[PDB]
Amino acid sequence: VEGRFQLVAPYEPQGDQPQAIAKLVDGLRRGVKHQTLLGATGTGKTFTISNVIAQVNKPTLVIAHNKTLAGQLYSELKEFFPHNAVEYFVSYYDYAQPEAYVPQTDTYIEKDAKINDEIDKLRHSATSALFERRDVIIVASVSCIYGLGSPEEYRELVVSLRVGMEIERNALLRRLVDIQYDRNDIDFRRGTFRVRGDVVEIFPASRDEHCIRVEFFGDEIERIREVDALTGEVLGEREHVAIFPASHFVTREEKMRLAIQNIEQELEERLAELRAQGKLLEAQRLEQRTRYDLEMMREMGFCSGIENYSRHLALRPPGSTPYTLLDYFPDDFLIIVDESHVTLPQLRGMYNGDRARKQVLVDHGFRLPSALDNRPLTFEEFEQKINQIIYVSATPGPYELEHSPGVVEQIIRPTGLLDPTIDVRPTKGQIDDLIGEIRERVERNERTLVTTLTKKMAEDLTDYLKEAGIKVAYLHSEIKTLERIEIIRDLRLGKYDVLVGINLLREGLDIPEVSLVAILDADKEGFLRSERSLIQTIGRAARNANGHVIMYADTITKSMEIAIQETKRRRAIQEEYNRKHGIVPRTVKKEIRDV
């Protein structure tokens, strides 16, 4: 009998959701490798996928492309599936800097930035959950393809307890040390164990307040409980309990003894080479650094930056494809790529960026060439790891369309809101045109978003608008993430009528009160004027029943034709739907937040 997904939604699926859920559920059951969910903004994409996942009962990886989004999906999925394991997997890269060297300014950028507790605790509960139960969803950054110690090792190395087993106290107290746990009775924190004579409390690497308690009565375990840390408040009463390793790079002693000698041999080979080409300075650096590391490994089985040695510790051949979080999933898992037009290129690029950064360190003598083997997957390797995949995006990239059997379309909104109309107007006299349009919106109590290509034009426009008597706020290209919310929140309140910015694709810009979106320089060259970015931008006017977009330009580029055509196509279909079902489109109300 399996642990299944139980989806908790106050609603039912609606619009063209029911049809889309069915195709993707049927796809996955027929056994399709690649499917694409082309879903317009404002339809329940996340809730459509949550319906797919709940119906297929597969462990699932959902890949997001940044800390913000992964966080959104996470909290969302955690509300949709509160009785199942919704997990969170990010790393150093989220907002930390790795090891690096700049050969001109002679600067070694240390890895220094302390390993933040919350994230670590989280990777562990994610990897342990994968082995413990089935109803798991893991929201991850592209870090789900970085080097991770072998899954079998982490698995095989668990201390697998059961009520009344033939085990000793100090035999277990040594077993937890083998698995990178420390004794700290004077300060109980996660990843620690406490010995109080015959009371042994272990703080799983995966937990917050929920620690474990194993007690003896001879050479046999008596009771095992889930006490609340620094409280003793009995919560659990398990008979079986598995305590997973405290690091994703732990290795049996025997493999470690042998890895170390392989490392010694690599060091000697690399030193001889370097000193043979006259890179004497580079030999000295590598020798000082590697020996110090090898000294920590021989003394206590680990060191800092042990990641660098992962291929050696795994005892695999040079050049081997790293193991990653993907290998930790069963063979029959499910991948959902959220915002695929951006997420897939990000994944695709990780390997070259990382290799570039590590090749410099190997050249200058900070690392052994084997450090290149601790790395993210190349896109091809990611490709072979796919069991079954769904791409989700309002504007699928070339890869997705190319490998999917057409697209599963989800265009209808639950309130009948339509994609906007689009006028394209000349650049000459654009500011007064725009002023007068904003004036109309202000009279109808509606707001406006404006995007210009450059920070100077943006700055000029804001002034030009303030002089006109219109309340406008400038959303500076790098402003306090906490102030963003404040200015946006104020536009909703009408403290501001217009809001000028360069990039309108950054989140929190979905505002029901916005009924007009002006795109200055619609025809210029720039990542923000592509087919995909324009559609994404036009969408900022899809939250209002009177949404309209104005592109100012001298010409009609290929990107413009495409976005305009697509927008026309979506609207007609939406209109055809409202006609058939008796729906009048109306603006989705939303309450405004505070502190």
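Residues carry their position along the shown sequence, with the first being 1.
Relative to one another, 363-371 and 229-237 have unequal mean CA B-factors, and 229-237 is the one with the higher figure. Averaged over CA atoms, B-factors in the entry run higher in 118-126 than in the other of 379-387 and 118-126. The PDB entry gives the largest Cα B-factor of the residues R492, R183, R413, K255 to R183. When the Cα B-factors of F89, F249, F329, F193 are read from the PDB record, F193 comes out highest. When all modelled residues of the chain are sorted by CA temperature factor, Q284 is found within the middle third.
The PDB entry assigns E575 a C-alpha temperature factor belonging to the lowest third of its chain's modelled residues. Looking at the C-alpha B-factors along this chain, the one for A314 belongs to the lowest third. Among all modelled residues in this chain, the alpha-carbon of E264 has a temperature factor (C-alpha) in the lowest third. Compared with the other modelled residues of the chain, the Cα B-factor recorded for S304 ranks in the middle third.
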